[PDB]
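K.L.:
Respectively, the protein sequence lines represent chains BI, BH, BJ, BK, BM and BL. Counting from 1, one number per residue, gives the positions in the first sequence under PDB author numbering. Counting from 1, one number per residue, gives the positions in the second sequence under PDB author numbering. Counting from 1, one number per residue, gives the positions in the third sequence under PDB author numbering. Counting from 1, one number per residue, gives the positions in the fourth sequence under PDB author numbering. Counting from 1, one number per residue, gives the positions in the fifth sequence under PDB author numbering. Counting from 1, one number per residue, gives the positions in the sixth sequence under PDB author numbering. Don't be surprised by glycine CBs; every beta carbon is placed ideally from N, CA and C.
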Amino acid sequence: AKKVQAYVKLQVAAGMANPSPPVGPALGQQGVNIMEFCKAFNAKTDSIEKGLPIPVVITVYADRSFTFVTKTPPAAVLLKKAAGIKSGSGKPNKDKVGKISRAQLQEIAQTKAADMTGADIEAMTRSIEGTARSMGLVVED
Amino acid sequence: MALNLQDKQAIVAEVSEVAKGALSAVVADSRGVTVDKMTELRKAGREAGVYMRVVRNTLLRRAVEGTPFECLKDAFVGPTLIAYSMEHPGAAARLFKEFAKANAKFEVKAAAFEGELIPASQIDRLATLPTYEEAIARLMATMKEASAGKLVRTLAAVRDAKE
Amino acid sequence: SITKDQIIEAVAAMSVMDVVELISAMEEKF
Amino acid sequence: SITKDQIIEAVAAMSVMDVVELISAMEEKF
Amino acid sequence: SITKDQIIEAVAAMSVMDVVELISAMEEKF
Amino acid sequence: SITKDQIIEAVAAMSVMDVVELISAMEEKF
Ligand SMILES: [Mg+2]
């Protein structure tokens, strides 16, 4: 690791890779080709599954294209396919909208084995706990 | 913070990390980055953990007046800036190398590794400890005795004797 | 422990014995 | 002496004992 | 006389004999 | 066997044979 050189993150969903209307000339304009953003992405995207948001570094030098090392998705969008509503917050803490528990979100915290600042496999539990409380979700631990 | 009480506290704990401690490393940290924490704590994910601490407490007057847990020769070990590294569980091995190869990558000065406790004295980084649970170094250490040290001298003439 | 000299005098064991004592000094592993 | 035992008394021993036996091995033979 | 048949059967010469063979192999070469 | 025996053979035993011998043992183990 070093520091800064080139990297961003502006997408919506892996369901529709390399979009044009949502981002377009905004998905990259520094050394990133708008059409070349559908080759190295789907080379591993369509390799597992599409749907969940997938941001990534944009290591850019001066050698034509770019190289992005992807990792883990937002643990906040995991409440539209694996929890409840299609939305999220909307009506935060004015009424007990949604409610998850200790059971759920477990194997959701388990997937991020290379993305957790807590060697304690137990400490890295309350981290996503908030990631499912940023919209008004009570926890039935 | 707090006063004399908060003082003693950090010490008795930080210094019980030297009494009940498995190991001890003293590393001056000029230009210490947060990447610094991002390292000894990364080397804690899949190789260490919370069995290690490193509170920059060159408070000296603190960490030092507070080693009546028996830490002599450490007045000499109290110069300039330092970041005390103390072990509780696990072997004393690996922890040393971590800094040894950190600071050597630049990662801030290493205070020339002024050495620390466990054996108890001065400066001179050795490699006793890290060679453990790699006893295949005692497999390779036997040097086949009769055979490897054989096929190296008893059998090295031919490949270098027909001169 | 400290059965030093004798343990070592056991090199009369001969090479193969050591390839054994080294196999065993790890085997069921890598 | 039996090798099987000559190994048992060493395998799961403790690291400090062993070093005091490696170096002392480097003066005997070789 | 033989070459490899006495090497395969050799495969011994305890480090006592061995190390001494090397050492006394230097009383003639090197 | 007597150390002096392996030597007299590992030193004498020609060389048209030897340099194809002592080298072969270097092509078997280690
Ligand atoms: Mg202070």
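1) May I ask you to report which of helix, strand or coil DSSP gives BH/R61?
2) Does BJ/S15 pass the burial test, meaning 16 or more other C-beta atoms within 10 Å, or should it be called exposed?
3) Which residues of the segment 6-23 of chain BM have a Cβ closer than 7 angstroms to any Cβ of chain BJ? Give them in chain order.
4) Report the rounded CA-to-CA distance for BL/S24 versus BK/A25, giving the unit in angstroms.
5) Taking 7 angstroms as the cut-off, does the CB of BH/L139 come closer than this to any heavy atom belonging to ligand 1?
6) Quick one: is the Cβ of BH/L5 within less than 7 angstroms of any heavy atom of ligand 1?
7) Would you call the segment 98-109 of chain BH and the segment 31-41 of chain BH touching, i.e. three or more CB-CB distances under 8 angstroms?
8) Around the C-beta of BI/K44, are 16 or more other C-beta atoms found within 10 angstroms, so that it is buried, or is it exposed?
9) Using the beta-carbon count (16 or more within 10 Å), is BH/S85 buried or exposed?
10) Which residues bound the beta strand (DSSP E) around BI/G98?
11) Cβ-heavy atom distance between BH/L81 and ligand 1 below 7 angstroms?
12) Identify each residue in the segment 110-137 of chain BH for which the Cβ-Cβ distance to at least one residue of chain BM is less than 9 angstroms, and report them in chain order.
13) Would you kindly work out how many angstroms separate the C-alpha atoms of BL/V19 and BM/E9, rounded to a whole number?
14) May I have a chain-ordered list of the beta strand (DSSP E) segments no shorter than 3 residues that lie completely inside the segment 19-66 of chain BH?
15) Can you tell which of BI/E140, BI/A1, BI/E36, BI/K2 has its C-alpha closest to the C-alpha of BI/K96?
16) Hey, how far is the Cα of BI/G136 from the Cα of BI/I100?
17) Per DSSP, what kind of secondary structure is BI/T125 in: helix, strand or coil?
18) How is the alpha helix (DSSP H) around BK/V20 delimited, first residue to last?
19) Taking only three categories from DSSP, how would you classify BI/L137?
20) Check BI/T70 in the structure and name its three-state DSSP category.
21) If BI/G28 and BI/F37 are in contact, beta carbons under 8 angstroms, what's the gap, nearest whole angstrom?
P.N.:
Quick look at the numbers:
1) coil
2) buried
3) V11, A12, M14, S15, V16
4) 29 angstroms
5) no
6) no
7) yes
8) exposed
9) buried
10) 98-101
11) no
12) none
13) 20 angstroms
14) 24-26
15) BI/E140
16) 10 angstroms
17) helix
18) 15-22
19) strand
20) strand
21) 6 angstroms
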